[PDB]
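Participant: Structure for this input, please:
(6 chains)
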Amino acid sequence: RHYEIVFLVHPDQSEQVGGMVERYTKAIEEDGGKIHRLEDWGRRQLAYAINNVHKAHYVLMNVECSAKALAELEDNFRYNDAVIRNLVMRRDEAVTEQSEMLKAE
Amino acid sequence: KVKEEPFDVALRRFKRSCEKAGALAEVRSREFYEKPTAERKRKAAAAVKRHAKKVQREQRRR
Amino acid sequence: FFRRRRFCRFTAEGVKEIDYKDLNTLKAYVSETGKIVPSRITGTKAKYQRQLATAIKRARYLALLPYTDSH
Amino acid sequence: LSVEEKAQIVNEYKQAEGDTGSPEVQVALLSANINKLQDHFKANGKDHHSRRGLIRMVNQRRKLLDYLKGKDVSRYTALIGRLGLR
Amino acid sequence: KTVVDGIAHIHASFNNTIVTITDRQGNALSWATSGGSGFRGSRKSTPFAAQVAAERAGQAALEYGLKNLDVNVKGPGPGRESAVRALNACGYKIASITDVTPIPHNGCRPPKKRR
RNA sequence: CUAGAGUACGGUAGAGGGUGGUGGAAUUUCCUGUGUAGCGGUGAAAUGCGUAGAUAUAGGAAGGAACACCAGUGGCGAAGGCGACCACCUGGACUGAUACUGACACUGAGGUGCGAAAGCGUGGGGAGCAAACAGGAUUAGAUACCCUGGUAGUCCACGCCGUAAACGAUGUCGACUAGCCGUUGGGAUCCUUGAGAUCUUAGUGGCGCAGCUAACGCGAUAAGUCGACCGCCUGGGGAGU
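Facilitator: Numbering: from 1, shown residues only, chains lettered A, B, ... in the order given. Please find the structure below.
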């Protein structure tokens, strides 16, 4: 429960990422997991080279699903070429919205 | 990294910035492998040389 | 007393669960080369120094902070 | 073991008390927890540091039975047969 | 042939010092070593011999121009900083000086300790 | 009967285990460009590697193991041991409030387990390091130290062996006995701004009075004053044979 999936996509797929949001989160709603934030940090420059690119498109997302929808997005990120890194987390708490992109501008 | 303005200034800004970063004593400890007991002697002798230094200075702080 | 106030950079505020998101905080605790500072220089309490080292290693993984001056 | 799985057992083998101290409460909680772990130790075989915790609970269970037998017999066999031990 | 704004690479071991003048493309123009200046022994490892080989690389570099240099210093040995002072002695605008140093985070294990 | 002991309830801290996954720096082998005479090594040299284009230098690919800085008289574990990040299962300890059980405890011959490293069996895997070994040097002599190479092994799965300066050279458990300076984690009280204050438990360090000790030295983490159970010692070799 209460995961904090953060994943970044390819800079050439940042146009297509709007359909990529609901394509993943609709399957979570099939499991029975509500989503408490969905932030899109945008196109930024990395600190180093990840498969010889330098821009990305960060996607922040906090999901509270059961053990099956976690098995979904664990596999779908591995079977993609848009997404280049991911990080699944776990907190034992709830989620408020609008963390830092106000302050990051 | 040191950019540049006379030249003698940027030397001493580079000899010092390398040492204040490090990577000169660490290279010198890559040329012989210490078994982890001998790395527990550095952890033992340096802890004595710090707690005894906090007390020997108090004699100067009398 | 600069090493004294930075202990209160986390304990005077209710910012106990630090995140790997506030890069404006984490750049105060990283040296010019990239390596992480000790805790007798900042003087932070060792509860938070352990908690500070995780948020570096996660932000380093997401390419938000470099490792060395090479890349 | 979960929280409500503890509350399911205390409601069942209560001695009309509302109280969690009696041996029929304590023996019941341990026996439900030994049976849960037996499939943890069929996947994890080389988990030795967690094998050590299970033998604490087994030896604790044979000490409360002899305290129970060392007081009464009627309370004893009404608990052995209701869990299927020995 | 004409190139400008080259890069000077300095490799400094405990027994020898190798200096190479290149371009941004990483192509050899002029290399010069401490052993080629005729020292060959205990005199080879001195920081004086890292000035003789430094200027001698800086004389076959004026075949192509190269009025601007970018210095990468690499190695633990002596003559690590004496070679830089023997670069603009030949009259080269040194822009920036940069440490490059191979430091393994864990790495392979090194050889055993001498006795 | 509730002071030992155990349960139920909040709450923190951790390189405590096991099963997968993913990183970045560096080393080596290989490919390709530029470029041309040495590189490497040492008290000093030599064996070695080089125009059949090395070292250097830039681009690319493959693969293996270890996990800088944080890191500390710092933590956790019954002991051996345990440091990349995340998920996954999973053991115990601390701290507070509160109810319950009402002595349910301690130790333990025999017996049962977990046992560093080197080694052994079948199968994988082969980056570096490196016994055996080979060559050079030193040397009256040099099997040795030092130098250039280099195999089993170290790595993984499964099974075995059971010893170490397996060390705090100190069996486990319980109760009393002046102080002071540190430190991990946790509640307190407190004027409140604290770089706060004092007190109290659970650890982990430095000095020290009584006391003990052949002396050195330990000294609320006893070798002090006392209890309960167990193991073990009886001159040196011969011989842990």
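Participant: What does residue C:12 show for phi and psi?
Facilitator: Phi and psi for residue C:12, reported as degrees, to the nearest 10, are phi -70, psi -30.
Participant: how near is it to RNA strand F?
Facilitator: Residue C:12 sits 5 Å away from RNA strand F, going by C-beta to the nearest atom of the strand, to the nearest Å. (C-beta placed from N, C-alpha, C; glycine too.)
Participant: With residue E:102 instead?
Facilitator: 4 Å.
Participant: what residues are up against the residue of chain C found nearest chain E?
Facilitator: Evaluated by C-beta to the nearest C-beta, chain C has residue C:70 as its residue closest to chain E, separated by 7.2 Å. Residues in contact with residue C:70 (C-beta atoms under 8 Å, 6 or more residues apart in numbering or on different chains) are residue E:100.
Participant: did I read that right, it in a strand?
Facilitator: No: remark: residue C:70 does not belong to a strand; assigned using DSSP: H, G, I helix; E, B strand; the rest coil, it is coil.
Participant: Quick check, the residue in chain B closest to chain C?
Facilitator: Closest point on chain B to chain C, by C-beta to the nearest C-beta, is residue B:21, at 4.8 Å.
Participant: how about the helices of chain E, start to end?
Facilitator: E:49-57 (DSSP state H).
Participant: Taking it, what residue is nearest to chain A?
Facilitator: Closest point on chain E to chain A, by C-beta to the nearest C-beta, is residue E:105, at 14.9 Å.
Participant: Check chain B too.
Facilitator: residue B:1 (15.7 Å).
Participant: What is the burial count for that residue?
Facilitator: Using other C-beta atoms under 10 Å in any protein chain shown, residue B:1 has 13 neighbouring residues.
Participant: how about the residues of chain A near chain C?
Facilitator: A:6, A:8, A:46-50, A:56, A:85, A:87, A:99-100, A:103 (C-beta under 8 Å from any C-beta of the partner chain).
Participant: make it 7 Å
Facilitator: Within chain A, the residues that sit near chain C (C-beta under 7 Å from any C-beta of the partner chain) are A:46, A:47, A:48, A:49, A:50, A:85, A:87, A:99, A:100.
Participant: repeat for chain B
Facilitator: So chain B meets chain C at B:1, B:21 (C-beta under 7 Å from any C-beta).
Participant: Near chain E, which residues of chain B? Just list them.
Facilitator: Near chain E, when you scan chain B using C-beta under 7 Å from any C-beta, you find B:1-4, B:7, B:10-11, B:14-15, B:18, B:23, B:26-28, B:30-33.
Participant: Now the buried members of these.
Facilitator: B:2, B:10, B:14, B:18, B:23 (16 or more other C-beta atoms under 10 Å in any protein chain shown).
Participant: which pair in the residues you listed spans the largest distance?
Facilitator: For these, with distances taken as C-beta to C-beta, the pair at the greatest spread is B:10 and B:23 (18.9 Å).
Participant: which residue ranges form the helices in chain C?
Facilitator: C:2-5, C:8-11, C:23-26, C:46-61.
Participant: ugh, typo on my part, it should be chain B
Facilitator: B:7-21, B:25-28, B:36-51, B:53-60.
Participant: Rebuild the ones you listed as JSON lines, extending it with distance to residue C:55.
Facilitator: Putting those into JSON lines (distance: least, C-beta to C-beta, whole Å) gives the following:
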{"stretch": "helix B:7-21", "distance to residue C:55": "23"}
{"stretch": "helix B:25-28", "distance to residue C:55": "25"}
{"stretch": "helix B:36-51", "distance to residue C:55": "27"}
{"stretch": "helix B:53-60", "distance to residue C:55": "32"}
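Participant: Out of those helices, which is the most enclosed?
Facilitator: The highest mean neighbour count among the helices of chain B, using mean count of other C-beta atoms under 10 Å in any protein chain shown, belongs to helix B:7-21: a mean of 14.
Participant: ok, residues contacting that one?
Facilitator: B:2, B:4, B:24, C:32, C:33, E:81, E:84, E:88, E:97, E:99 (C-beta atoms under 7 Å, 6 or more residues apart in numbering or on different chains).
Participant: That one and RNA strand F in contact?
Facilitator: No: residues of helix B:7-21 are not located near RNA strand F by C-beta under 7 Å from any atom of the strand, the shortest gap being 10.1 Å.
Participant: Pull the distance from that helix to the chain's centre.
Facilitator: 17 Å (C-alpha atoms, centre = their mean, to the nearest Å).
Participant: same deal with stretch C:33-42?
Facilitator: Worked out by C-alpha atoms, centre = their mean, stretch C:33-42 lies 8 Å from the chain centre.
Participant: end to end, how far does that stretch reach?
Facilitator: 17 Å (C-alpha to C-alpha, to the nearest Å).
Participant: ok, it near chain B or not?
Facilitator: Yes: using C-beta under 7 Å from any C-beta, stretch C:33-42 reaches chain B at residue C:33.
Participant: and that stretch, which residues are buried?
Facilitator: Those would be C:33, C:34, C:36, C:37, C:39, C:42, for stretch C:33-42 by 16+ other C-beta under 10 Å.
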